[PDB]
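Just one chain is shown here, as structure tokens, and it is the form deposited in one PDB entry.
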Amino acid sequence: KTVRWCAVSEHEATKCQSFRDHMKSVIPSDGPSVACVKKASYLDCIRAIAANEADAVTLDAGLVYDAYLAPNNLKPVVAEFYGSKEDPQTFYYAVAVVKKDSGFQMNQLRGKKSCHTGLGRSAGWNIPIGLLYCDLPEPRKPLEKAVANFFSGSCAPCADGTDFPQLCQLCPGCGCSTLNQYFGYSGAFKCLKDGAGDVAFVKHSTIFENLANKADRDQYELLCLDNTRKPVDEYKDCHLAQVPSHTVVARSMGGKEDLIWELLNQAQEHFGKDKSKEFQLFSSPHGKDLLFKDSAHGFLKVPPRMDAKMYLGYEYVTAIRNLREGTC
């Protein structure tokens, strides 16, 4: 009945010990219980779990990918959802928004200008650049220069514009802060709305956050991997990658997922959003996003026998592998 959670820092351990202590204060010992393990990094927790030294850890998508790999063979078991119970979000979609009828598809991106949320961000850089990897003109290493060589001018916040200036052409300096009008989520969208670039690599919610009505959203379009375009509302059938926000992983064999979901469900019921004032699962006096993201609403039980690469999606896996392996 004891689930050994892995923390990757001292605040997470403290929060874990407190979570544990409150759970004991509300459940019959025949119920699920927490044990707090403390590691130095997500990868050290992944290894501990595989090594039967811990049972569960919640991770972002790239780490879910790593945990899956051998010798780890960890698998997704529970997800954090957001938004609502009716319409619970567990994923975000990396999309490629463009101006209506700007006459080019995903496979025709070479020679256009790009707006990225920031270099190194998943939806804004990793996912799209990973997907386009082999389209980039060689020499492909260093990647920054190749990207600069693929687009006629870009805005890649946090890029080394001293060495690859073309990357800041749309935002001189590639300022890695909001001091740069083209930084982050709204920044990249503004870059395209302003007509500075042809395409904006952002997540689906971004355009909805920046545009009032359908009419507004209708001057825009999304590029689909099948080299066709579709309305922005259709992002679910037209995205670069469907990415899980935060996923709990456990050993594929002997992971105790059964008990893990029990603890987490009984956890959400007892101290989920609004449920408790003595203990809050999605906050902590000790820090932001300790163990679970603070913006989480609860958990959903992930589909039975859900292989990681299936949970991540063929595209995401392709992107990561391209960026890691550089094989073409």
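So that there is no doubt, residue numbering starts at 1 and follows the sequence shown.
Per the PDB record, of the two stretches 31 to 39 and 287 to 295, 31 to 39 carries the greater mean B-factor over its C-alpha atoms. For the two regions 85 to 93 and 121 to 129, the entry's Cα B-factors average higher over 85 to 93. Residues shown: 157, 165, 244, 71. Highest C-alpha temperature factor in the entry: 71.
The residue among 269, 55, 60, 44 whose C-alpha atom has the highest B-factor in the PDB entry is 269. Sort the chain's modelled residues by C-alpha temperature factor and residue 210 lands in the highest third, per the entry.
Looking at the C-alpha B-factors along this chain, the one for residue 323 belongs to the middle third.
Residue 257: CA B factor in the highest third of modelled residues in this chain (values from the PDB entry). In this PDB entry, residue 251 carries a Cα temperature factor that places it within the highest third of its chain's modelled residues. Looking at the C-alpha B-factors along this chain, the one for residue 77 belongs to the middle third.
From this point on, the text means the form deposited in another entry, which you will not see here.
Hinge residue among 243, 292, 196, 57 for the rigid-body motion between the shown form and the other one: 243. Compared with the form shown, the residue 79-residue 237 C-alpha separation increases in the other entry, the change being 3 Å or greater.
In the other entry, the CA atoms of residue 233 and residue 308 sit farther apart than in the displayed form, by at least 3 angstroms.
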